[PDB]
>>> print(open('entry_25.cif').read())   # mmCIF, C-alpha atoms
data_work
loop_
_atom_site.label_atom_id
_atom_site.label_comp_id
_atom_site.auth_asym_id
_atom_site.auth_seq_id
_atom_site.Cartn_x
_atom_site.Cartn_y
_atom_site.Cartn_z
CA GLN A 1 9.20 -19.05 -19.70
CA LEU A 2 11.50 -16.02 -20.25
CA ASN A 3 8.54 -14.14 -21.77
CA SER A 4 10.77 -11.08 -22.27
CA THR A 5 7.76 -9.18 -23.60
CA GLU A 6 5.69 -12.31 -23.30
CA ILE A 7 4.95 -11.39 -19.66
CA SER A 8 4.89 -7.72 -20.65
CA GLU A 9 2.40 -8.26 -23.47
CA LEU A 10 0.76 -10.87 -21.40
CA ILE A 11 0.11 -8.53 -18.50
CA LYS A 12 -1.24 -5.90 -20.88
CA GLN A 13 -3.47 -8.57 -22.40
CA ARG A 14 -4.82 -9.64 -19.04
CA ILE A 15 -5.33 -6.13 -17.68
CA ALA A 16 -7.37 -5.28 -20.75
CA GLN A 17 -9.22 -8.56 -20.30
CA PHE A 18 -10.23 -7.71 -16.72
CA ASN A 19 -11.22 -4.19 -17.82
CA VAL A 20 -9.00 -2.25 -15.45
CA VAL A 21 -8.77 1.29 -16.82
CA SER A 22 -7.20 4.55 -15.69
CA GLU A 23 -9.04 7.70 -14.87
CA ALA A 24 -9.25 10.19 -17.63
CA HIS A 25 -7.38 13.37 -17.05
CA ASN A 26 -9.61 16.21 -15.80
CA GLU A 27 -11.19 13.54 -13.63
CA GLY A 28 -10.73 12.37 -10.08
CA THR A 29 -12.48 10.81 -7.12
CA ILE A 30 -12.69 12.13 -3.59
CA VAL A 31 -10.57 9.87 -1.39
CA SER A 32 -10.94 11.60 1.97
CA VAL A 33 -12.97 14.28 3.71
CA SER A 34 -12.26 15.91 7.04
CA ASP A 35 -12.79 19.29 8.68
CA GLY A 36 -13.03 21.02 5.29
CA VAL A 37 -9.98 19.56 3.59
CA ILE A 38 -10.27 17.19 0.63
CA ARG A 39 -7.87 14.64 -0.74
CA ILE A 40 -8.46 13.72 -4.38
CA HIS A 41 -7.04 10.83 -6.38
CA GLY A 42 -6.49 11.32 -10.09
CA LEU A 43 -6.58 14.75 -11.74
CA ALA A 44 -3.34 14.11 -13.51
CA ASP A 45 -3.86 17.51 -15.21
CA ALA A 46 -4.76 19.63 -12.19
CA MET A 47 -2.53 22.68 -11.73
CA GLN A 48 -1.72 24.39 -8.46
CA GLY A 49 -4.21 27.07 -7.53
CA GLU A 50 -6.84 25.68 -9.90
CA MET A 51 -10.58 25.54 -9.25
CA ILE A 52 -11.87 21.99 -8.95
CA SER A 53 -15.60 21.60 -9.52
CA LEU A 54 -17.31 19.27 -7.10
CA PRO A 55 -20.74 17.73 -7.38
CA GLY A 56 -23.26 20.36 -6.56
CA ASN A 57 -22.33 23.89 -7.60
CA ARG A 58 -19.26 24.40 -5.45
CA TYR A 59 -15.52 24.54 -5.89
CA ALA A 60 -12.33 23.48 -4.21
CA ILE A 61 -8.89 25.04 -4.53
CA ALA A 62 -5.94 22.79 -5.27
CA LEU A 63 -3.16 23.58 -2.79
CA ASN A 64 -0.84 20.58 -3.05
CA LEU A 65 -0.11 18.49 -6.11
CA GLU A 66 1.09 15.52 -4.12
CA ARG A 67 2.92 12.65 -5.75
CA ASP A 68 -0.19 10.49 -5.67
CA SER A 69 -3.09 12.85 -4.93
CA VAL A 70 -4.31 16.44 -4.80
CA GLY A 71 -4.99 18.35 -1.60
CA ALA A 72 -7.85 20.81 -1.80
CA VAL A 73 -9.98 23.06 0.40
CA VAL A 74 -13.75 23.19 -0.06
CA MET A 75 -15.16 26.69 -0.55
CA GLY A 76 -18.47 26.14 1.17
CA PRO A 77 -20.20 23.48 3.27
CA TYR A 78 -18.04 20.36 3.19
CA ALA A 79 -20.47 18.31 5.27
CA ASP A 80 -22.20 16.53 2.37
CA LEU A 81 -19.22 15.37 0.32
CA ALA A 82 -18.48 11.66 0.34
CA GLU A 83 -15.63 9.43 -0.71
CA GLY A 84 -16.09 8.21 -4.25
CA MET A 85 -17.75 11.32 -5.61
CA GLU B 1 12.29 3.44 -0.83
CA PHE B 2 11.32 -0.04 0.40
CA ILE B 3 14.47 -1.90 1.43
CA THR B 4 13.61 -1.79 5.10
CA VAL B 5 9.98 -2.89 4.60
CA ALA B 6 10.74 -5.67 2.12
CA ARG B 7 13.03 -7.46 4.57
CA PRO B 8 10.29 -9.18 6.63
CA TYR B 9 8.34 -10.50 3.67
CA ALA B 10 11.55 -11.63 1.99
CA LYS B 11 12.72 -13.53 5.04
CA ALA B 12 9.33 -15.16 5.52
CA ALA B 13 8.99 -16.17 1.88
CA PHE B 14 12.49 -17.63 1.89
CA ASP B 15 11.96 -19.57 5.10
CA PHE B 16 8.78 -21.00 3.62
CA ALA B 17 10.42 -21.86 0.30
CA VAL B 18 13.18 -23.66 2.17
CA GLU B 19 10.81 -25.68 4.30
CA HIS B 20 9.09 -26.79 1.08
CA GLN B 21 12.25 -27.10 -1.06
CA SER B 22 10.56 -24.93 -3.69
CA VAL B 23 12.99 -21.96 -3.68
CA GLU B 24 13.50 -22.10 -7.42
CA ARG B 25 9.76 -21.84 -8.07
CA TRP B 26 9.16 -18.99 -5.66
CA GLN B 27 11.93 -16.98 -7.27
CA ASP B 28 10.17 -16.80 -10.62
CA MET B 29 6.74 -16.50 -9.03
CA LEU B 30 8.03 -13.37 -7.30
CA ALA B 31 9.69 -12.09 -10.46
CA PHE B 32 6.35 -12.25 -12.24
CA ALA B 33 4.52 -10.68 -9.31
CA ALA B 34 7.07 -7.88 -9.46
CA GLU B 35 6.69 -7.16 -13.16
CA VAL B 36 2.92 -6.95 -12.88
CA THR B 37 3.52 -4.06 -10.46
CA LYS B 38 5.37 -2.11 -13.16
CA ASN B 39 2.43 -1.99 -15.54
CA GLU B 40 1.30 1.48 -16.57
CA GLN B 41 -2.29 0.97 -15.40
CA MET B 42 -1.82 -1.31 -12.40
CA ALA B 43 0.58 1.19 -10.88
CA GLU B 44 -2.22 3.73 -11.01
CA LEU B 45 -4.65 1.33 -9.35
CA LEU B 46 -2.02 0.46 -6.77
CA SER B 47 -1.99 4.10 -5.74
CA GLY B 48 -5.72 4.54 -5.66
CA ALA B 49 -7.35 4.50 -2.25
CA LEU B 50 -9.26 1.26 -2.54
CA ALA B 51 -9.92 -1.13 0.31
CA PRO B 52 -7.27 -3.76 0.93
CA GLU B 53 -8.90 -6.97 -0.21
CA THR B 54 -10.60 -5.49 -3.27
CA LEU B 55 -7.17 -4.35 -4.40
CA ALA B 56 -5.80 -7.77 -3.51
CA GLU B 57 -8.46 -9.44 -5.64
CA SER B 58 -7.94 -7.15 -8.62
CA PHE B 59 -4.25 -8.03 -8.33
CA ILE B 60 -4.70 -11.79 -8.03
CA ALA B 61 -6.96 -11.71 -11.09
CA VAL B 62 -3.95 -10.61 -13.16
CA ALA B 63 -1.88 -13.60 -12.01
CA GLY B 64 -2.44 -17.18 -13.10
CA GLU B 65 1.26 -17.99 -12.71
CA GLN B 66 1.01 -17.86 -8.90
CA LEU B 67 0.64 -21.09 -6.97
CA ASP B 68 -2.93 -20.86 -5.84
CA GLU B 69 -2.30 -20.97 -2.13
CA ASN B 70 1.00 -19.51 -1.07
CA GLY B 71 1.51 -16.79 -3.66
CA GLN B 72 -2.04 -15.58 -3.17
CA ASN B 73 -1.57 -15.49 0.60
CA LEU B 74 1.62 -13.51 0.30
CA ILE B 75 -0.09 -11.03 -2.01
CA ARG B 76 -3.10 -10.75 0.30
CA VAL B 77 -0.96 -10.09 3.38
CA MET B 78 1.02 -7.45 1.52
CA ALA B 79 -2.28 -5.94 0.43
CA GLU B 80 -3.49 -5.92 4.03
CA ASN B 81 -0.43 -3.83 4.76
CA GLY B 82 -0.65 -1.77 1.58
CA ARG B 83 2.92 -2.67 0.65
CA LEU B 84 2.39 -4.15 -2.81
CA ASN B 85 4.80 -1.64 -4.34
CA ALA B 86 7.58 -3.33 -2.37
CA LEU B 87 7.64 -6.46 -4.54
CA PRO B 88 10.57 -5.23 -6.69
CA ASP B 89 12.64 -5.24 -3.51
CA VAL B 90 11.18 -8.35 -1.90
CA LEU B 91 12.52 -10.03 -5.01
CA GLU B 92 16.04 -8.68 -4.58
CA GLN B 93 16.19 -9.59 -0.92
CA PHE B 94 14.91 -13.07 -1.71
CA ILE B 95 17.68 -13.46 -4.29
CA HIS B 96 20.30 -12.23 -1.84
CA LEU B 97 19.04 -14.58 0.87
CA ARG B 98 19.23 -17.45 -1.60
CA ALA B 99 22.83 -16.52 -2.37
CA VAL B 100 23.73 -16.38 1.32
CA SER B 101 22.06 -19.71 2.04
CA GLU B 102 23.60 -21.60 -0.88
CA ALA B 103 27.03 -20.14 0.02
CA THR B 104 27.44 -18.82 -3.53
CA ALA B 105 28.71 -15.35 -4.38
CA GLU B 106 29.13 -13.16 -7.44
CA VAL B 107 32.25 -11.03 -7.98
CA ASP B 108 32.76 -8.32 -10.63
CA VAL B 109 36.02 -7.92 -12.58
CA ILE B 110 36.58 -4.55 -14.26
CA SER B 111 39.63 -4.42 -16.49
CA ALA B 112 41.55 -2.42 -19.07
CA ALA B 113 41.13 -5.42 -21.39
CA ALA B 114 39.90 -9.00 -21.52
CA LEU B 115 41.94 -11.31 -19.32
CA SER B 116 43.73 -14.53 -20.35
CA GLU B 117 41.39 -17.12 -18.69
CA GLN B 118 44.00 -18.84 -16.48
CA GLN B 119 44.14 -15.36 -14.97
CA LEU B 120 40.41 -15.77 -14.31
CA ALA B 121 41.11 -19.19 -12.81
CA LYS B 122 43.63 -17.70 -10.36
CA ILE B 123 41.25 -14.81 -9.62
CA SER B 124 38.32 -17.08 -8.78
CA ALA B 125 40.33 -19.66 -6.82
CA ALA B 126 41.95 -16.99 -4.67
CA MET B 127 38.63 -15.22 -4.14
CA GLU B 128 37.38 -18.60 -2.85
CA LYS B 129 40.24 -18.30 -0.41
CA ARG B 130 39.18 -14.66 0.35
CA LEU B 131 35.52 -15.75 0.49
CA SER B 132 34.26 -19.19 1.36
CA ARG B 133 31.52 -19.17 -1.25
CA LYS B 134 31.52 -20.57 -4.75
CA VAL B 135 32.40 -17.46 -6.74
CA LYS B 136 30.90 -16.56 -10.12
CA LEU B 137 32.89 -14.03 -12.13
CA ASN B 138 31.32 -11.51 -14.52
CA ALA B 139 34.09 -9.44 -16.10
CA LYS B 140 33.69 -5.99 -17.65
CA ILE B 141 36.00 -3.67 -19.59
CA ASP B 142 36.72 0.00 -18.98
CA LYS B 143 39.58 2.05 -20.43
CA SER B 144 39.49 4.50 -17.51
CA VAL B 145 41.39 1.89 -15.51
CA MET B 146 44.05 2.14 -18.18
CA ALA B 147 45.93 -0.83 -16.73
CA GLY B 148 45.46 -3.64 -14.25
CA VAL B 149 42.13 -4.74 -12.83
CA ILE B 150 39.51 -3.96 -10.22
CA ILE B 151 37.91 -6.77 -8.22
CA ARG B 152 34.53 -5.70 -6.81
CA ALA B 153 32.71 -8.35 -4.73
CA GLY B 154 29.74 -7.13 -2.74
CA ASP B 155 31.02 -3.89 -1.25
CA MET B 156 34.57 -5.03 -0.53
CA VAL B 157 36.86 -4.05 -3.39
CA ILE B 158 40.50 -4.66 -4.29
CA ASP B 159 41.97 -1.80 -6.36
CA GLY B 160 44.84 -3.06 -8.47
CA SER B 161 44.27 -0.41 -11.14
CA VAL B 162 47.12 1.77 -12.36
CA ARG B 163 44.65 4.69 -12.11
CA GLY B 164 44.26 3.97 -8.41
CA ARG B 165 48.02 3.96 -7.99
CA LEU B 166 48.33 7.20 -9.99
CA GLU B 167 45.88 9.14 -7.85
CA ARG B 168 46.77 7.45 -4.55
CA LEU B 169 50.30 8.70 -5.26
CA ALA B 170 49.08 12.12 -6.44
CA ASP B 171 47.59 12.90 -3.00
CA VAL B 172 50.90 12.28 -1.26
CA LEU B 173 52.17 15.02 -3.55
CA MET C 1 -29.68 -4.21 8.29
CA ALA C 2 -26.19 -3.50 9.62
CA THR C 3 -23.38 -3.00 7.15
CA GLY C 4 -20.28 -1.74 8.98
CA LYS C 5 -17.82 -3.29 11.36
CA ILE C 6 -15.81 -1.72 14.14
CA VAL C 7 -12.12 -1.76 13.27
CA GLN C 8 -10.55 0.14 16.15
CA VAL C 9 -11.42 1.52 19.54
CA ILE C 10 -9.28 4.14 21.24
CA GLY C 11 -10.91 5.70 24.25
CA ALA C 12 -13.99 7.55 23.08
CA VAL C 13 -12.88 7.35 19.42
CA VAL C 14 -14.19 4.50 17.29
CA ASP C 15 -13.30 3.71 13.68
CA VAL C 16 -15.70 1.62 11.63
CA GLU C 17 -15.37 0.22 8.13
CA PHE C 18 -18.09 0.20 5.49
CA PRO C 19 -18.50 -1.19 1.98
CA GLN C 20 -16.59 1.07 -0.34
CA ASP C 21 -19.73 2.60 -1.85
CA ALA C 22 -21.87 3.13 1.27
CA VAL C 23 -19.65 5.41 3.34
CA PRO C 24 -21.71 7.53 5.76
CA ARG C 25 -21.49 11.25 5.19
CA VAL C 26 -19.93 13.47 7.84
CA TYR C 27 -21.99 14.08 10.99
CA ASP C 28 -24.22 11.12 10.23
CA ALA C 29 -25.22 8.96 13.17
CA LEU C 30 -24.49 5.25 13.61
CA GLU C 31 -25.44 2.71 16.25
CA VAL C 32 -24.15 -0.54 17.74
CA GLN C 33 -25.16 -3.03 20.43
CA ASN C 34 -22.69 -2.16 23.18
CA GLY C 35 -23.30 -5.17 25.37
CA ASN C 36 -27.07 -5.10 25.50
CA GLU C 37 -27.65 -1.37 25.25
CA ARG C 38 -27.41 0.51 21.99
CA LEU C 39 -24.72 3.13 21.48
CA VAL C 40 -24.86 6.04 19.03
CA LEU C 41 -21.74 7.16 17.16
CA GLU C 42 -21.37 10.46 15.34
CA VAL C 43 -19.17 10.57 12.25
CA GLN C 44 -16.34 13.14 12.31
CA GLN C 45 -14.01 12.30 9.42
CA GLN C 46 -13.94 10.09 6.36
CA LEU C 47 -10.54 8.49 6.35
CA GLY C 48 -9.43 6.85 3.15
CA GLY C 49 -10.49 3.41 2.13
CA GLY C 50 -14.02 3.19 3.43
CA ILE C 51 -13.03 3.57 7.04
CA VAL C 52 -14.71 6.38 8.94
CA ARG C 53 -13.69 7.89 12.26
CA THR C 54 -16.38 8.60 14.82
CA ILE C 55 -16.94 9.64 18.42
CA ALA C 56 -19.06 7.60 20.82
CA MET C 57 -21.92 9.43 22.52
CA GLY C 58 -21.52 7.18 25.54
CA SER C 59 -19.11 4.90 27.29
CA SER C 60 -17.11 2.84 24.83
CA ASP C 61 -16.24 0.14 27.38
CA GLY C 62 -17.46 -3.23 26.19
CA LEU C 63 -17.05 -2.58 22.46
CA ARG C 64 -15.37 -5.45 20.68
CA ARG C 65 -13.58 -5.12 17.40
CA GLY C 66 -15.73 -6.58 14.69
CA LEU C 67 -19.10 -5.66 16.18
CA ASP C 68 -21.72 -4.78 13.60
CA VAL C 69 -22.64 -1.16 12.98
CA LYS C 70 -25.87 0.18 11.52
CA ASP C 71 -25.87 3.27 9.34
CA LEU C 72 -28.66 5.69 10.05
CA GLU C 73 -29.02 7.99 7.07
CA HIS C 74 -29.46 11.23 9.03
CA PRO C 75 -27.73 13.34 11.66
CA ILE C 76 -28.73 13.09 15.29
CA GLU C 77 -32.40 14.01 15.33
CA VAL C 78 -34.20 15.22 18.44
CA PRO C 79 -37.84 15.79 19.37
CA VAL C 80 -38.88 19.43 19.01
CA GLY C 81 -41.90 21.62 19.60
CA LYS C 82 -44.31 22.18 22.44
CA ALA C 83 -44.27 18.57 23.63
CA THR C 84 -40.75 19.07 25.10
CA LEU C 85 -41.74 21.78 27.60
CA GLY C 86 -41.05 20.85 31.19
CA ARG C 87 -39.15 17.67 30.19
CA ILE C 88 -35.46 16.89 30.70
CA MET C 89 -33.43 15.37 27.86
CA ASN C 90 -29.91 14.30 26.92
CA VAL C 91 -28.19 15.01 23.57
CA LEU C 92 -30.04 12.19 21.92
CA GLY C 93 -33.33 13.67 22.97
CA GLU C 94 -34.19 10.73 25.16
CA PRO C 95 -36.18 11.58 28.28
CA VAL C 96 -34.02 11.71 31.38
CA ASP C 97 -36.74 12.42 33.88
CA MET C 98 -38.89 9.44 34.71
CA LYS C 99 -42.19 10.68 33.25
CA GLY C 100 -42.01 8.43 30.20
CA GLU C 101 -41.97 9.12 26.53
CA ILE C 102 -42.13 12.56 24.96
CA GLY C 103 -45.26 13.01 22.86
CA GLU C 104 -43.20 14.42 19.98
CA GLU C 105 -44.92 15.29 16.71
CA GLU C 106 -41.74 16.00 14.71
CA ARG C 107 -37.96 15.55 14.88
#
>>> encode(input="entry_25.cif", output="structure tokens")
Amino acid sequence: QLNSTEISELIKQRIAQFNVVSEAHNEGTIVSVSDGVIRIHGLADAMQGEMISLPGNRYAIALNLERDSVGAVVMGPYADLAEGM
Amino acid sequence: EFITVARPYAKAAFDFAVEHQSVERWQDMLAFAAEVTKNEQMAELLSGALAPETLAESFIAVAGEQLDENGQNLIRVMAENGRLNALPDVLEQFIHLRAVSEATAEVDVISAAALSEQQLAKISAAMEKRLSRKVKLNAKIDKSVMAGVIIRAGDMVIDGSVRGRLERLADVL
Amino acid sequence: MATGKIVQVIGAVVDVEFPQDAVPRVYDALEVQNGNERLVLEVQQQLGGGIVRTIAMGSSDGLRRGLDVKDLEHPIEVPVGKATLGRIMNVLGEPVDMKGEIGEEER
């Protein structure tokens, strides 16, 4: 029916029921890799110029805090990174 | 913004809902599909770079109030094009198309004070001469238009306000 | 077992799509049945969404959209060592003279 909050509380109910959850802050997943550049989803608490720690012992530098992502450059061999890390 | 990319899905949904005489059902189906998009978490997932149909499925799972063929297929096509965030505007364009098809229009009335009713009768009947549609008033009050009234239908307006006179005169001077 | 599917073909550039968790790393090799001869693709970029953009080490004519693609887990590997002396090879390390197979010990 109108469900003024009924839809609102209902949608929250159902999202919890299907176990959709956000990232934590501090946390992101590699979305794209190409020619040394990285695009990361998440990291809601990354700050421009920060050092992002990849898997392995290597870092990336956050250059753009895009609306929906972070752009970063890998300081080292980028060849072995994969989407979903 | 998504006005220009909502137009095709809106037109297609409306055409379909006309051919199946189910307009009134689609309207609320789409309203619900829109409000799911506004959820704190879903909006995050909608931005994540997941494959189309996995996103489509995670979205359908949150909807039981969608008719199990046509609403799903709309959602899945929008997912294929990554345009799920456009639902809030597909809804508005669907509503506007409904208005245009039923030849029914809304007109705003902004006044210094509440009118006398028969005034509203003359206003509506003459706006039905101005416009062919069945006109639905929704009056509002503002003291800035210290006297008279503004009629605002769509984006054509008639300024009968004393404030409009006062400044339209002031710029002659 | 093949797991990817060709999604686009634009000249020598081919984009293939994989399950979201099995994306090939960069510079990995792939292969497809182009007609009735295999074709080896080298991965250049991971686009978003499980799609990966690759370059065909061969003629791309004949490639349909939707063909199956097989993910080799390693870069292009070639025969090496003494066995190669006096042979002629292409990039893939296949023999291009007629003298038959290279007696490789290692790649």
>>> residues_around(input="entry_25.cif", residues="residue 3 of chain C", least_positions_apart="4", cutoff="7 Å", atoms="all atoms listed in the file", output="list in words")
residues 18, 68, 69 and 70 of chain C
>>> write_last_selection(input="entry_25.cif", atoms="C-alpha atoms", output="CSV table (one decimal), in the frame of the given file")
chain,number,residue,atom,x,y,z
C,18,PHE,CA,-18.1,0.2,5.5
C,68,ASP,CA,-21.7,-4.8,13.6
C,69,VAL,CA,-22.6,-1.2,13.0
C,70,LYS,CA,-25.9,0.2,11.5
>>> resolve_selection(input="entry_25.cif", expression="the PyMOL selection byres ((chain A and resi 83) around 8)", output="VMD selection string")
(chain A and resid 29 to 33 81 to 82 84 to 85) or (chain C and resid 23 46 48 50)
>>> residues_near_point(input="entry_25.cif", point="(-5.0, 24.8, -1.9)", cutoff="8 Å", atoms="all atoms listed in the file", output="list in words")
residues 48, 49, 60, 61, 62, 63, 64, 71, 72 and 73 of chain A
>>> resolve_selection(input="entry_25.cif", expression="the PyMOL selection byres ((chain C) within 10 of (chain A))", output="MDAnalysis selection string")
chainID C and resid 20:28 44:53
>>> interface_residues(input="entry_25.cif", of="chain B", to="chain A", cutoff="8 Å", atoms="all atoms listed in the file", output="VMD selection string")
chain B and resid 32 35 to 36 39 41 to 42 44 to 45 47 to 49 61 to 62
>>> write_last_selection(input="entry_25.cif", atoms="C-alpha atoms", output="mmCIF file, in the coordinates of the input")
data_model
loop_
_atom_site.group_PDB
_atom_site.id
_atom_site.type_symbol
_atom_site.label_atom_id
_atom_site.label_comp_id
_atom_site.auth_asym_id
_atom_site.auth_seq_id
_atom_site.Cartn_x
_atom_site.Cartn_y
_atom_site.Cartn_z
ATOM 1 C CA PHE B 32 6.350 -12.250 -12.240
ATOM 2 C CA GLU B 35 6.690 -7.160 -13.160
ATOM 3 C CA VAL B 36 2.920 -6.950 -12.880
ATOM 4 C CA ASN B 39 2.430 -1.990 -15.540
ATOM 5 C CA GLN B 41 -2.290 0.970 -15.400
ATOM 6 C CA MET B 42 -1.820 -1.310 -12.400
ATOM 7 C CA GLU B 44 -2.220 3.730 -11.010
ATOM 8 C CA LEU B 45 -4.650 1.330 -9.350
ATOM 9 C CA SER B 47 -1.990 4.100 -5.740
ATOM 10 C CA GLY B 48 -5.720 4.540 -5.660
ATOM 11 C CA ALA B 49 -7.350 4.500 -2.250
ATOM 12 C CA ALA B 61 -6.960 -11.710 -11.090
ATOM 13 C CA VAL B 62 -3.950 -10.610 -13.160
#
>>> resolve_selection(input="entry_25.cif", expression="the PyMOL selection byres ((chain B) within 9 of (chain C))", output="list in words")
residues 49, 50, 51 and 52 of chain B
>>> atom_distance(input="entry_25.cif", atom1="atom CA of residue 128 of chain B", atom2="atom CA of residue 107 of chain B")
10.5 Å
>>> residues_around(input="entry_25.cif", residues="residue 57 of chain A", least_positions_apart="5", cutoff="12 Å", atoms="all atoms listed in the file", output="list in words")
residues 51, 52, 74, 75, 76 and 77 of chain A
>>> axis_aligned_box(input="entry_25.cif", around="segment 28-39 of chain B", padding_each_side="8 Å", output="lines of an AutoDock Vina configuration file")
center_x = 6.3
center_y = -9.4
center_z = -11.4
size_x = 23.7
size_y = 30.8
size_z = 24.2
>>> atom_distance(input="entry_25.cif", atom1="atom CA of residue 20 of chain B", atom2="atom CA of residue 87 of chain B")
21.1 Å
>>> atom_distance(input="entry_25.cif", atom1="atom CA of residue 53 of chain A", atom2="atom CA of residue 54 of chain B")
28.2 Å
>>> build_atoms(input="entry_25.cif", residues="segment 50-71 of chain C", atoms="N, CA and C atoms", output="compact mmCIF listing (two decimals), keeping the file's coordinate frame")
# COMPACT_ATOMS: atom_id res chain seq x y z
N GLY C 50 -12.77 3.66 2.88
CA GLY C 50 -14.02 3.19 3.43
C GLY C 50 -14.07 3.14 4.93
N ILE C 51 -13.04 3.49 5.59
CA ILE C 51 -13.03 3.57 7.04
C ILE C 51 -13.51 4.96 7.40
N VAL C 52 -14.20 5.09 8.52
CA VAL C 52 -14.71 6.38 8.94
C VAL C 52 -14.48 6.51 10.43
N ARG C 53 -14.04 7.68 10.86
CA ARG C 53 -13.69 7.89 12.26
C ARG C 53 -14.77 8.65 12.99
N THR C 54 -15.15 8.17 14.16
CA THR C 54 -16.38 8.60 14.82
C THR C 54 -16.12 8.75 16.30
N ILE C 55 -17.01 9.47 16.97
CA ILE C 55 -16.94 9.64 18.42
C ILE C 55 -18.19 9.06 19.06
N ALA C 56 -17.99 8.30 20.13
CA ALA C 56 -19.06 7.60 20.82
C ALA C 56 -19.76 8.54 21.77
N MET C 57 -21.07 8.66 21.62
CA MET C 57 -21.92 9.43 22.52
C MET C 57 -22.32 8.60 23.75
N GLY C 58 -21.31 8.10 24.44
CA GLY C 58 -21.52 7.18 25.54
C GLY C 58 -20.21 6.54 25.93
N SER C 59 -20.30 5.62 26.88
CA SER C 59 -19.11 4.90 27.29
C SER C 59 -18.79 3.85 26.25
N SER C 60 -17.54 3.80 25.83
CA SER C 60 -17.11 2.84 24.83
C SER C 60 -16.66 1.52 25.45
N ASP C 61 -16.64 1.40 26.77
CA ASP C 61 -16.24 0.14 27.38
C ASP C 61 -17.22 -0.95 26.99
N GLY C 62 -16.68 -2.11 26.65
CA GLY C 62 -17.46 -3.23 26.19
C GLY C 62 -17.47 -3.44 24.70
N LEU C 63 -17.02 -2.47 23.91
CA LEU C 63 -17.05 -2.58 22.46
C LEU C 63 -15.96 -3.52 21.97
N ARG C 64 -16.36 -4.60 21.32
CA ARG C 64 -15.37 -5.45 20.68
C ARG C 64 -15.01 -4.90 19.31
N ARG C 65 -13.84 -5.29 18.82
CA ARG C 65 -13.58 -5.12 17.40
C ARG C 65 -14.42 -6.12 16.65
N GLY C 66 -14.93 -5.71 15.50
CA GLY C 66 -15.73 -6.58 14.69
C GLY C 66 -17.22 -6.54 14.96
N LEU C 67 -17.67 -5.84 16.00
CA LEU C 67 -19.10 -5.66 16.18
C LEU C 67 -19.73 -5.10 14.92
N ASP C 68 -21.01 -5.34 14.73
CA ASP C 68 -21.72 -4.78 13.60
C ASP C 68 -22.16 -3.36 13.90
N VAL C 69 -22.21 -2.54 12.86
CA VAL C 69 -22.64 -1.16 12.98
C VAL C 69 -23.71 -0.89 11.95
N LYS C 70 -24.70 -0.11 12.34
CA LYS C 70 -25.87 0.18 11.52
C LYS C 70 -25.83 1.64 11.13
N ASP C 71 -25.98 1.91 9.84
CA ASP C 71 -25.87 3.27 9.34
C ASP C 71 -27.24 3.91 9.29
